[PDB]
Amino acid sequence: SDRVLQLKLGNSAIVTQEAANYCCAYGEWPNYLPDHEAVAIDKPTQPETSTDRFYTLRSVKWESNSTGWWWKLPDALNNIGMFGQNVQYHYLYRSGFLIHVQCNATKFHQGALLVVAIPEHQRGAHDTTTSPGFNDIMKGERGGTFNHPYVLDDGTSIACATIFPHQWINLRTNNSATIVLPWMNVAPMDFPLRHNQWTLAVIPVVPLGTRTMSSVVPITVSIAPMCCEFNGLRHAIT
Amino acid sequence: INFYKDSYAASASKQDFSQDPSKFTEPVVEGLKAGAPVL
Amino acid sequence: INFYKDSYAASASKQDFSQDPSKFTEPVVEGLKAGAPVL
Amino acid sequence: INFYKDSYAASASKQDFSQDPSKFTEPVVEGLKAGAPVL
Amino acid sequence: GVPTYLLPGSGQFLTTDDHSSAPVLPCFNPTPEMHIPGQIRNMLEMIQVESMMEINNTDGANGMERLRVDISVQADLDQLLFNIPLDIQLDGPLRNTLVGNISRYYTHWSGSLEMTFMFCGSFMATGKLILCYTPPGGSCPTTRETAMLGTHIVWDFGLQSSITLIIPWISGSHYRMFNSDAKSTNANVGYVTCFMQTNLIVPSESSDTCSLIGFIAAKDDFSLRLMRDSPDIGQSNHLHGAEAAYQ
Amino acid sequence: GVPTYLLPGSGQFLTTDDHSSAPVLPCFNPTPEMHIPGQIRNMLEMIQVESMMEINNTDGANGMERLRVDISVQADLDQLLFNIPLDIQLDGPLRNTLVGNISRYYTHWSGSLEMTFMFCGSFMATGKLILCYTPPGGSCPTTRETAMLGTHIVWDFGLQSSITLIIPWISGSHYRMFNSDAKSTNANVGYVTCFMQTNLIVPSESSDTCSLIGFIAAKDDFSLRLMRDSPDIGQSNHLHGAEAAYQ
Amino acid sequence: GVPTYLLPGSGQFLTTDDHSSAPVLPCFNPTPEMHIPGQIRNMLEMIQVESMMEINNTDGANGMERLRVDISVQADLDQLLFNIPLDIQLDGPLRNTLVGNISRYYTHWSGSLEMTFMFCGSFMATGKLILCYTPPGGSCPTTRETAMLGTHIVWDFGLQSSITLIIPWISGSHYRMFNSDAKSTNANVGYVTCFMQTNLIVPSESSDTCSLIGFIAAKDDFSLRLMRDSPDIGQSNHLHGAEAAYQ
Amino acid sequence: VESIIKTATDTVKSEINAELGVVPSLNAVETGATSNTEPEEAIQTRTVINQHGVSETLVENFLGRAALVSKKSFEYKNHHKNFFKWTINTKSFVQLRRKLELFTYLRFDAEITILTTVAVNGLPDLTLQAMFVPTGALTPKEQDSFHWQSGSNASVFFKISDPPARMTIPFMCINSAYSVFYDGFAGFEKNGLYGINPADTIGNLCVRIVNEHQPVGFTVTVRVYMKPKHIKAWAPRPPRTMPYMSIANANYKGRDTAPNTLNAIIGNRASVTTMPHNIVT
Ligand SMILES: CCCCCCCCCC(=O)O
């Protein structure tokens, strides 16, 4: 009953027959900006189905020595579909996100991935006093990789990362993780090209292993923006 | 008693005993029943 | 509370929120209607 | 009057005049009557 | 007596404190109040009055020439006429205005601004212009096709001599800051540009170069916070006569 | 005036005092509050979230390898697999956890703890383990026959991947202290040990070595007292850029 | 603000003052109270318990031998057996008792005292004694005919092993003082003497020398005033380990 | 789900359990939820009326302490020439920094206490001036420049012989809360600083000795303490483990040897079956 799930948004839908319930970050659900919290006075555009739908990113391969992967939001989607177009033509944006991470193998494989949504995941650089640069942070649709997952690449720890909204993909138990993210920021809206509200991290705490036939085991990420709103229309910063 | 005209000047407010651990401990859409199998 | 006998010794009076910008922004004898041509 | 928020900060409490010397002077199970032979 | 104890801060002199203090002249009777025209109670009342922007802040323009923008009959189409830096913290066309001067005594601001332009050519001169406000994020537009995508007003010269371009408050945060870094995400307001929509057209006896005067003011949805000393005034020596006050 | 007298303590600066003090910016209007997800009001809310124990804190285990305990198919019976020092004040597997980190900002604690273990082997792998909590007093048990006499849970691997061992609050005194003497009667919590109840059994194509991830968290009957500075952070020099803040 | 002025005494630290003071640990929750046997609320409760008088404070008597008075079968009549100095301020048989020790933390006292003696000879031993309290004014009586004129109790040995001599509060002034001058009219309490009323008589197989143990306590009409440091304890050097507390 | 909690929860007595279909001790960590197994379901418990308080862990108390945020020594003599400027930040001292960083967002007013001490190179009872220079305002260039006239800036004048100066700075962010962490860049171009939200820019604290120099020199040290109050906090975070390296970022290196080394946070024990402080009787 809580192992099967279908998510439908816009012209897109996803089903899983091996889910583990699903997480609603901090027990919240996405919503449009109410009049009593609004700041920007221009009438916003709410494109609905053209932007609030699942966008599937390129997959990554789970290898025996993988350290983990990460994708920042909205950066990862800032150049995809109509969500990307609205982001480029508008100074301000606001939205929640429905995240669905996918990874299947066989009943002979073992492995466990921590799938966590980190708010304001400010990265640190290793063994230097120089702060991370633009290209170290903005990876776009391709996402990045963890250098030292043990400390979440920020001098803290993955051990305590469970304090953030998360799920796990334990091959023996499930083949997907689902997390619903509400707007998370100190402002009602923001400029999408210079700030990322959330960072999706997928880290193999227990490495992939088996003694059966070796096969490429991918990890795929599908993300659907929710309740998108845009303000401050102008030309595209394409 | 705050004798200053600006409320932000007042002493600390140590009376908010409200809590909701579940937003961190049980952020799952479907409530998990006591002894019933979670999956 | 002013403990001095002269009222001018009291603390500041920051409670006058009355305004009338129009004495500076619209000092015209004939009120100008919203969208109607001013001239 | 204690102006601090923590009650343990208050001045001394010198108003407890209750006593029960018998817990030290007569801890015997059977009460001993005035002039009656104790044994 | 009453048992007391002094707290940290005791004896200090905070320039923004607010307490009563000993009257120097007991029983003094101040002059009766009399009604006087023009009372102002909130500085926001002052910044709602439009004042002239120094748009032509260029070498070669002296004094009042800096307060008007001259437009000429064009030979080409869709021509860019001028742009206006929306810098208030950094020096620029908006700095020496009522809204600019008063706002600079503060650090945070929020609210809509309004720019009004009055065409001062002759009656026989006609034309259409397009004024555009471009929210931040990119480079200032240099072509009408690009500027036209932002907030704008197409202005037709005629009996009503002036047009108003509203620069609506469009910001992610509640307030913006008058930060020394003009390119900061918490300070940059965007741009204002002006192009010919058609062209300035005049007969032989009308001057072929006409001036515009641009004004700016805050709307009543404006608000300022965090008072600070203004960078617009300073001194390095005693003013003449200051020392003589002691002689 | 009012006759008064200063008490001892007058003029002192106690870092934990609680008084009102002069507002630096009179009439300042703070930004309106907005709802933000995840508000936390009591630190006890944070320590109720389970986090990973670094059980494999051994030489040769690097980074994340230290966060999982590998169990293999055994050749002998009733084998001891691992034990967990319940040290919170002294460094150990429980120190870098949410409950451990926050508790170390305090000196006294009381309440039940819960350890949850998730089996991360393949679906075809089966097994039964016994997790035991031994109240203090003696030496850590090294045989199942001895450990089995304490509080325990026999765990059968299956659809439900995880098991919880409750470490109930069993103490003579209301609270225990995070004392530097690990063998003190007011600090030692006892031990946690894990033995094979049966054995880890897997088919030829499933990996024959599987990992467990152990988590720990406080229950809602938990309480912390006497705030102190945490021993988990310190500095011996200025951080890079600290002095530059003055230039 | 409020006009005030500091009074003499301002800023002083009086060890007996009573004021509230800043809590070091805000929001600290003390351990819940639990019922514990033997709560004492007034020191007067303690001094009402009788304790042993060191009547045999003589050279040759060591340790516990000093706490009992041996009486023997007499050859002569009306023999004086022993007397007890009623000195509390000056060292004497009453000093190291519950009433004596606690009273010495004070300067003034008032109330009745009670001395109880328990005969510890064998069952076959018989006898009659007379215990006398002589109010102050003269020299301690040395003959029964003289002592007998004061307050007294004739004691017959038997089933009930103990007798009580009440030393009623008989004083001109409301209180007496623990003054260093033992012969002062505001301090001297008088004397207590004990004589054979008949004789100690025992059979051949019973010991012919028997012991008495004397106890003393205050009655509930007792009262103490003016707290002072006790002369019963002092130090001239650091105690062992005191300085090490700083290492 | 939300409720008022003033004491730790009580325990209820429990009996023997042998029910099919009911397995309270089994859970599924994969859901992301923490185990909901109660003590009463794991073992047989007795009834306990728990009176233990939970007020010392209130966020207001946890963060409500005056902590050192700035310390600056300078020479007071005939010439930092008798004054200094400090770009305000809460990242220079690690005890306060680590605690604030346990949260993602924080909204609070800040009580500021300024403590001054002096040493001869008797002690003069000097008068100092601490002026708050907001963003965009001009900072003093000399001990005597016109800037100190402080016509609009808030300034506080205090003596070394008086108790430490104190005042409260209101929550002054342009947003609804301060961003303790910021995964973004401060500008519209690509060369801006990463991890520094412009919105949380306070300004500069300028401090000078008002007195003209004396015939001899002195060393003056100014310590500034900050205590947050009227606190609201959101989204707790993993505590810092690696030593801090810079005030401008979360860069890390780790200690040279455990504990808290990049390769091992917890110190090593001989093996997973080795009990470190085992009781030997
Ligand atoms: C000493 C003035 C402090 C003003 C408030 C600073 C808040 C900083 C919050 C943070 O980003 O960690």
# chains A, B, ... in the order shown; residues from 1 in each chain; ligands from 1
call {"tool": "residues_around", "arguments": {"residues": "residue H:100", "least_positions_apart": "4", "cutoff": "8 Å", "atoms": "only C-alpha atoms", "output": "ChimeraX atom specification"}}
result
/H:63,96,180
call {"tool": "write_last_selection", "arguments": {"atoms": "N, CA and C atoms", "output": "short mmCIF file (atom, residue, chain, number, x, y, z; two decimals), in the first residue's frame"}}
result
data_model
loop_
_atom_site.label_atom_id
_atom_site.label_comp_id
_atom_site.auth_asym_id
_atom_site.auth_seq_id
_atom_site.Cartn_x
_atom_site.Cartn_y
_atom_site.Cartn_z
N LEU H 63 20.90 29.68 22.60
CA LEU H 63 21.65 30.73 21.91
C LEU H 63 21.71 32.03 22.71
N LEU H 96 30.94 30.67 19.30
CA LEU H 96 29.68 31.26 18.87
C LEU H 96 29.33 30.79 17.46
N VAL H 180 22.24 32.04 7.85
CA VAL H 180 23.47 31.59 8.48
C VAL H 180 24.38 30.98 7.41
#
call {"tool": "residues_near_ligand", "arguments": {"ligand": "ligand 1", "cutoff": "9 Å", "atoms": "only C-alpha atoms and all ligand atoms", "output": "ChimeraX atom specification"}}
result
/H:69-70,88-91,97,100-101,105-112,169-173,177-182,196-197,200-203,205,224-228
call {"tool": "interface_residues", "arguments": {"of": "chain F", "to": "chain G", "cutoff": "9 Å", "atoms": "only C-alpha atoms", "output": "short mmCIF file (atom, residue, chain, number, x, y, z; two decimals) with C-alpha atoms, in the first residue's frame"}}
result
data_model
loop_
_atom_site.label_atom_id
_atom_site.label_comp_id
_atom_site.auth_asym_id
_atom_site.auth_seq_id
_atom_site.Cartn_x
_atom_site.Cartn_y
_atom_site.Cartn_z
CA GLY F 1 14.75 61.66 45.34
CA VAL F 2 14.58 57.96 46.12
CA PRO F 3 17.06 56.69 48.74
CA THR F 4 18.95 53.70 47.35
CA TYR F 5 22.08 51.59 47.88
CA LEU F 6 24.15 49.43 45.55
CA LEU F 7 24.32 45.69 46.16
CA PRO F 8 27.24 43.33 45.59
CA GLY F 9 27.12 42.41 41.90
CA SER F 10 26.50 46.02 40.91
CA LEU F 14 27.39 38.33 33.63
CA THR F 15 27.23 36.68 30.18
CA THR F 16 24.05 34.84 31.13
CA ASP F 17 22.19 37.87 32.51
CA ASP F 18 18.76 38.81 31.16
CA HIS F 174 17.63 11.34 38.26
CA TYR F 175 20.47 12.42 35.92
CA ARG F 225 20.87 20.45 31.95
CA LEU F 226 23.76 22.76 32.82
CA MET F 227 24.95 24.38 29.62
#
call {"tool": "calpha_fit_and_write", "arguments": {"fixed": "chain F", "moving": "chain E", "output": "CSV table (one decimal) with C-alpha atoms, in the first residue's frame"}}
result
chain,number,residue,atom,x,y,z
E,1,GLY,CA,14.7,61.7,45.3
E,2,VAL,CA,14.6,58.0,46.1
E,3,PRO,CA,17.1,56.7,48.7
E,4,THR,CA,19.0,53.7,47.3
E,5,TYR,CA,22.1,51.6,47.9
E,6,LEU,CA,24.1,49.4,45.5
E,7,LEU,CA,24.3,45.7,46.2
E,8,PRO,CA,27.2,43.3,45.6
E,9,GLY,CA,27.1,42.4,41.9
E,10,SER,CA,26.5,46.0,40.9
E,11,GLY,CA,28.3,47.0,37.7
E,12,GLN,CA,29.2,43.4,36.8
E,13,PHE,CA,28.8,41.9,33.3
E,14,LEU,CA,27.4,38.3,33.6
E,15,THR,CA,27.2,36.7,30.2
E,16,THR,CA,24.0,34.8,31.1
E,17,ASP,CA,22.2,37.9,32.5
E,18,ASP,CA,18.8,38.8,31.2
E,19,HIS,CA,17.8,42.5,31.0
E,20,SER,CA,16.4,45.0,28.6
E,21,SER,CA,18.9,47.5,27.0
E,22,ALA,CA,18.9,50.7,25.0
E,23,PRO,CA,17.7,50.4,21.4
E,24,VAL,CA,20.5,51.6,19.1
E,25,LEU,CA,18.0,52.5,16.3
E,26,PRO,CA,14.9,54.1,17.7
E,27,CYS,CA,11.7,53.7,15.7
E,28,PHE,CA,13.2,50.9,13.6
E,29,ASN,CA,10.7,48.7,11.9
E,30,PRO,CA,12.0,45.1,11.5
E,31,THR,CA,11.1,43.2,8.3
E,32,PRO,CA,7.7,41.5,8.6
E,33,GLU,CA,7.8,37.9,9.6
E,34,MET,CA,7.2,35.3,6.9
E,35,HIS,CA,6.4,31.6,7.4
E,36,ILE,CA,9.5,29.4,6.9
E,37,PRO,CA,9.5,25.6,6.9
E,38,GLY,CA,11.3,23.7,9.7
E,39,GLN,CA,11.1,26.0,12.7
E,40,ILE,CA,12.7,24.5,15.8
E,41,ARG,CA,11.9,25.8,19.3
E,42,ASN,CA,13.5,23.4,21.6
E,43,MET,CA,16.9,21.6,21.0
E,44,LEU,CA,15.3,18.4,22.3
E,45,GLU,CA,13.4,18.3,18.9
E,46,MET,CA,16.7,18.0,17.1
E,47,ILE,CA,18.2,15.1,19.2
E,48,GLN,CA,15.1,13.0,18.6
E,49,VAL,CA,16.1,12.5,15.0
E,50,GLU,CA,18.3,9.5,14.5
E,51,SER,CA,21.8,9.9,13.0
E,52,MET,CA,24.6,7.5,12.1
E,53,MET,CA,27.0,6.1,14.8
E,54,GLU,CA,30.6,5.7,13.8
E,55,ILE,CA,30.9,2.1,15.0
E,56,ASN,CA,33.8,1.1,12.8
E,57,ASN,CA,36.2,3.7,14.3
E,58,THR,CA,39.3,1.6,13.7
E,59,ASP,CA,42.6,2.0,12.0
E,60,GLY,CA,42.3,1.0,8.3
E,61,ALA,CA,38.7,2.3,8.0
E,62,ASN,CA,38.6,5.6,6.2
E,63,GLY,CA,35.8,8.1,5.9
E,64,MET,CA,32.4,6.5,5.3
E,65,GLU,CA,33.8,3.0,5.9
E,66,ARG,CA,33.8,4.0,9.5
E,67,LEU,CA,30.0,4.5,9.4
E,68,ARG,CA,29.1,0.9,8.6
E,69,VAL,CA,29.7,-2.5,10.3
E,70,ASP,CA,30.4,-5.4,8.0
E,71,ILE,CA,29.2,-8.8,9.0
E,72,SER,CA,30.2,-12.0,7.3
E,73,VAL,CA,28.9,-15.6,7.0
E,74,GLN,CA,30.3,-17.3,10.1
E,75,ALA,CA,31.9,-20.8,10.4
E,76,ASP,CA,31.4,-21.0,14.2
E,77,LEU,CA,28.3,-20.5,16.3
E,78,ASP,CA,27.1,-17.7,18.7
E,79,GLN,CA,29.8,-15.4,17.4
E,80,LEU,CA,30.3,-11.9,18.8
E,81,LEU,CA,30.1,-9.4,15.9
E,82,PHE,CA,30.8,-6.0,17.6
E,83,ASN,CA,30.1,-3.9,20.6
E,84,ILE,CA,29.5,-0.2,21.1
E,85,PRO,CA,31.0,2.0,23.8
E,86,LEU,CA,28.2,4.1,25.2
E,87,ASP,CA,30.6,7.0,25.9
E,88,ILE,CA,29.3,10.4,25.1
E,89,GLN,CA,31.7,12.6,27.1
E,90,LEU,CA,34.7,10.5,26.0
E,91,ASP,CA,35.2,10.1,22.3
E,92,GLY,CA,33.5,7.2,20.8
E,93,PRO,CA,30.9,5.9,18.2
E,94,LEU,CA,28.1,8.1,19.7
E,95,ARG,CA,30.0,11.4,19.9
E,96,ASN,CA,29.4,12.7,16.4
E,97,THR,CA,25.6,12.2,16.3
E,98,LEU,CA,22.8,14.7,16.6
E,99,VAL,CA,22.1,13.5,20.2
E,100,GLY,CA,25.8,13.3,21.0
E,101,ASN,CA,26.8,16.7,19.6
E,102,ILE,CA,23.9,18.6,21.2
E,103,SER,CA,24.2,16.8,24.5
E,104,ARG,CA,27.9,17.8,24.8
E,105,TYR,CA,26.8,21.4,25.1
E,106,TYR,CA,25.4,20.3,28.4
E,107,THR,CA,26.6,18.5,31.6
E,108,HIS,CA,23.6,16.5,32.8
E,109,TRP,CA,21.3,14.1,30.9
E,110,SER,CA,18.4,11.8,31.5
E,111,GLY,CA,16.1,9.7,29.3
E,112,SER,CA,15.9,6.7,27.0
E,113,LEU,CA,18.0,6.3,23.9
E,114,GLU,CA,17.1,4.2,20.8
E,115,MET,CA,19.5,2.5,18.5
E,116,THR,CA,18.2,1.5,15.1
E,117,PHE,CA,20.1,-0.8,12.7
E,118,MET,CA,19.3,-1.1,9.0
E,119,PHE,CA,20.5,-4.3,7.3
E,120,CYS,CA,22.0,-3.4,3.9
E,121,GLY,CA,22.8,-6.8,2.4
E,122,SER,CA,21.0,-8.2,-0.7
E,123,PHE,CA,17.4,-9.4,-0.7
E,124,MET,CA,18.5,-13.0,-0.9
E,125,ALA,CA,20.5,-12.7,2.3
E,126,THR,CA,18.9,-13.9,5.6
E,127,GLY,CA,19.9,-13.9,9.2
E,128,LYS,CA,19.0,-13.4,12.9
E,129,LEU,CA,21.0,-11.2,15.2
E,130,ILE,CA,20.7,-10.4,18.9
E,131,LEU,CA,21.4,-6.8,20.2
E,132,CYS,CA,21.9,-6.5,23.9
E,133,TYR,CA,22.1,-3.6,26.3
E,134,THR,CA,23.9,-4.4,29.6
E,135,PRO,CA,23.3,-2.1,32.5
E,136,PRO,CA,26.5,-1.0,34.3
E,137,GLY,CA,28.4,-2.8,37.1
E,138,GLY,CA,30.7,-5.3,35.4
E,139,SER,CA,32.9,-6.0,32.4
E,140,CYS,CA,31.5,-5.9,28.9
E,141,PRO,CA,30.1,-9.4,28.0
E,142,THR,CA,32.0,-11.4,25.4
E,143,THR,CA,29.7,-14.4,25.1
E,144,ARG,CA,26.0,-14.5,23.9
E,145,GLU,CA,25.0,-16.6,27.0
E,146,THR,CA,26.1,-13.7,29.2
E,147,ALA,CA,24.9,-10.7,27.0
E,148,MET,CA,21.5,-12.4,26.6
E,149,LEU,CA,20.8,-11.9,30.3
E,150,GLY,CA,20.4,-8.1,29.8
E,151,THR,CA,17.9,-6.0,27.8
E,152,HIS,CA,17.7,-7.2,24.2
E,153,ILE,CA,16.0,-7.6,20.9
E,154,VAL,CA,16.3,-10.6,18.6
E,155,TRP,CA,16.3,-9.3,15.0
E,156,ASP,CA,15.1,-11.3,12.0
E,157,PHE,CA,16.1,-9.9,8.6
E,158,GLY,CA,13.3,-9.4,6.2
E,159,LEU,CA,10.9,-7.0,4.4
E,160,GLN,CA,11.1,-4.6,7.3
E,161,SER,CA,14.8,-3.7,7.0
E,162,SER,CA,15.5,-2.2,10.4
E,163,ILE,CA,15.3,-3.1,14.1
E,164,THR,CA,15.2,-0.9,17.2
E,165,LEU,CA,17.0,-1.6,20.5
E,166,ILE,CA,15.6,0.7,23.2
E,167,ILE,CA,18.2,1.7,25.8
E,168,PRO,CA,15.8,2.5,28.6
E,169,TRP,CA,16.7,5.0,31.2
E,170,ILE,CA,17.9,2.8,34.0
E,171,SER,CA,19.8,4.9,36.6
E,172,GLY,CA,19.8,5.3,40.3
E,173,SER,CA,20.0,9.1,40.2
E,174,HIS,CA,17.6,11.3,38.3
E,175,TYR,CA,20.5,12.4,35.9
E,176,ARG,CA,23.9,11.2,34.8
E,177,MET,CA,26.9,13.5,34.2
E,178,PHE,CA,29.2,13.9,31.2
E,179,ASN,CA,32.1,13.4,33.5
E,180,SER,CA,35.7,12.9,32.2
E,181,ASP,CA,35.9,9.8,34.3
E,182,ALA,CA,34.2,7.1,32.1
E,183,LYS,CA,34.2,4.6,35.0
E,184,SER,CA,32.4,6.9,37.4
E,185,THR,CA,29.1,5.6,38.9
E,186,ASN,CA,27.4,8.8,37.8
E,187,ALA,CA,28.4,8.5,34.2
E,188,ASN,CA,28.9,4.9,32.9
E,189,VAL,CA,25.8,3.7,31.0
E,190,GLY,CA,26.7,0.1,30.5
E,191,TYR,CA,27.3,-1.6,27.1
E,192,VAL,CA,25.7,-2.6,23.9
E,193,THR,CA,26.8,-5.8,22.2
E,194,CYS,CA,25.7,-7.7,19.0
E,195,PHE,CA,26.0,-11.4,18.4
E,196,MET,CA,24.8,-13.8,15.7
E,197,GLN,CA,21.5,-15.4,16.9
E,198,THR,CA,21.8,-17.8,14.0
E,199,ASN,CA,24.1,-16.8,11.1
E,200,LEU,CA,24.2,-14.6,8.0
E,201,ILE,CA,23.3,-17.0,5.2
E,202,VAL,CA,23.5,-16.0,1.5
E,203,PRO,CA,23.4,-17.8,-1.9
E,204,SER,CA,26.4,-18.0,-4.2
E,205,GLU,CA,25.6,-14.8,-6.2
E,206,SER,CA,24.8,-12.6,-3.2
E,207,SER,CA,27.8,-10.9,-1.6
E,208,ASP,CA,29.0,-12.9,1.4
E,209,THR,CA,29.9,-9.8,3.5
E,210,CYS,CA,27.0,-7.4,4.2
E,211,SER,CA,26.9,-4.0,6.0
E,212,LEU,CA,24.7,-2.6,8.8
E,213,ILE,CA,24.3,1.1,9.5
E,214,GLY,CA,23.5,1.9,13.1
E,215,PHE,CA,21.6,5.0,14.1
E,216,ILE,CA,20.9,6.5,17.5
E,217,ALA,CA,18.5,9.1,18.9
E,218,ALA,CA,16.9,10.3,22.1
E,219,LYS,CA,13.3,9.5,23.0
E,220,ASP,CA,10.9,12.2,24.2
E,221,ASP,CA,11.5,11.4,27.9
E,222,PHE,CA,14.9,13.0,27.4
E,223,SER,CA,16.2,16.1,29.2
E,224,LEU,CA,19.5,18.0,29.3
E,225,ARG,CA,20.9,20.4,31.9
E,226,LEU,CA,23.8,22.8,32.8
E,227,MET,CA,24.9,24.4,29.6
E,228,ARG,CA,28.7,24.4,29.0
E,229,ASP,CA,31.0,25.1,26.1
E,230,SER,CA,31.4,22.0,23.8
E,231,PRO,CA,34.8,20.3,23.7
E,232,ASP,CA,34.2,19.6,20.0
E,233,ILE,CA,35.6,22.8,18.6
E,234,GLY,CA,38.5,25.2,19.4
E,235,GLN,CA,41.0,27.6,17.9
E,236,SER,CA,44.6,28.5,18.7
E,237,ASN,CA,45.0,31.2,16.1
E,238,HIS,CA,43.0,33.9,14.2
E,239,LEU,CA,41.0,32.4,11.4
E,240,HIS,CA,42.1,33.5,7.9
E,241,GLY,CA,40.5,36.9,7.1
E,242,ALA,CA,39.7,37.7,10.8
E,243,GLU,CA,42.3,40.4,11.0
E,244,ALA,CA,41.6,41.7,7.6
E,245,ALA,CA,38.1,42.6,8.9
E,246,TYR,CA,40.0,45.5,10.5
E,247,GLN,CA,41.6,46.7,7.3
call {"tool": "interface_residues", "arguments": {"of": "chain D", "to": "chain B", "cutoff": "12 Å", "atoms": "only C-alpha atoms", "output": "list in words"}}
result
residues 3, 4, 5 and 6 of chain D
call {"tool": "interface_residues", "arguments": {"of": "chain B", "to": "chain A", "cutoff": "7 Å", "atoms": "only C-alpha atoms", "output": "PyMOL selection string"}}
result
chain B and resi 23-24+27-30+39
call {"tool": "write_last_selection", "arguments": {"atoms": "N, CA and C atoms", "output": "short mmCIF file (atom, residue, chain, number, x, y, z; two decimals), in the first residue's frame"}}
result
data_model
loop_
_atom_site.label_atom_id
_atom_site.label_comp_id
_atom_site.auth_asym_id
_atom_site.auth_seq_id
_atom_site.Cartn_x
_atom_site.Cartn_y
_atom_site.Cartn_z
N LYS B 23 8.04 17.18 12.50
CA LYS B 23 8.44 17.79 11.24
C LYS B 23 9.85 17.33 10.88
N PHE B 24 10.58 16.81 11.87
CA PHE B 24 11.94 16.32 11.67
C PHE B 24 12.01 14.79 11.79
N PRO B 27 8.52 13.08 8.85
CA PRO B 27 8.02 13.91 7.74
C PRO B 27 7.44 13.07 6.60
N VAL B 28 6.87 11.92 6.93
CA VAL B 28 6.28 11.05 5.91
C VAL B 28 4.81 11.38 5.70
N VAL B 29 4.39 11.35 4.44
CA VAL B 29 3.01 11.68 4.08
C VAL B 29 1.97 10.79 4.77
N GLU B 30 2.29 9.51 4.92
CA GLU B 30 1.36 8.59 5.57
C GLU B 30 1.82 8.27 6.99
N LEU B 39 6.16 -0.97 6.36
CA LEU B 39 6.11 -1.23 4.93
C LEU B 39 5.15 -2.37 4.62
#
call {"tool": "select_by_dssp", "arguments": {"residues": "stretch 9-209 of chain E", "states": "alpha helix (DSSP H)", "output": "list in words"}}
result
residues 98, 99, 100, 101, 102, 103, 144, 145, 146 and 147 of chain E
call {"tool": "write_last_selection", "arguments": {"atoms": "N, CA and C atoms", "output": "mmCIF file, in the first residue's frame"}}
result
data_model
loop_
_atom_site.group_PDB
_atom_site.id
_atom_site.type_symbol
_atom_site.label_atom_id
_atom_site.label_comp_id
_atom_site.auth_asym_id
_atom_site.auth_seq_id
_atom_site.Cartn_x
_atom_site.Cartn_y
_atom_site.Cartn_z
ATOM 1 N N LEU E 98 15.097 65.024 -4.437
ATOM 2 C CA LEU E 98 14.525 64.981 -3.099
ATOM 3 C C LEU E 98 14.552 63.540 -2.592
ATOM 4 N N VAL E 99 14.076 62.602 -3.405
ATOM 5 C CA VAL E 99 14.075 61.213 -2.973
ATOM 6 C C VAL E 99 15.503 60.700 -2.769
ATOM 7 N N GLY E 100 16.412 61.068 -3.668
ATOM 8 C CA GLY E 100 17.792 60.628 -3.543
ATOM 9 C C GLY E 100 18.500 61.172 -2.306
ATOM 10 N N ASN E 101 18.417 62.482 -2.092
ATOM 11 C CA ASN E 101 19.059 63.103 -0.940
ATOM 12 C C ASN E 101 18.569 62.565 0.401
ATOM 13 N N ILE E 102 17.253 62.477 0.572
ATOM 14 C CA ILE E 102 16.696 61.990 1.826
ATOM 15 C C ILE E 102 16.971 60.501 2.034
ATOM 16 N N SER E 103 16.836 59.710 0.974
ATOM 17 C CA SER E 103 17.086 58.277 1.072
ATOM 18 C C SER E 103 18.519 57.987 1.503
ATOM 19 N N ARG E 144 15.923 48.728 -29.118
ATOM 20 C CA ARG E 144 14.524 48.829 -28.722
ATOM 21 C C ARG E 144 13.836 47.464 -28.623
ATOM 22 N N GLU E 145 14.167 46.555 -29.539
ATOM 23 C CA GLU E 145 13.585 45.208 -29.551
ATOM 24 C C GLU E 145 13.826 44.476 -28.229
ATOM 25 N N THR E 146 14.939 44.783 -27.573
ATOM 26 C CA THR E 146 15.259 44.153 -26.299
ATOM 27 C C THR E 146 14.631 44.909 -25.122
ATOM 28 N N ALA E 147 14.793 46.229 -25.100
ATOM 29 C CA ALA E 147 14.254 47.054 -24.017
ATOM 30 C C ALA E 147 12.734 46.930 -23.893
#
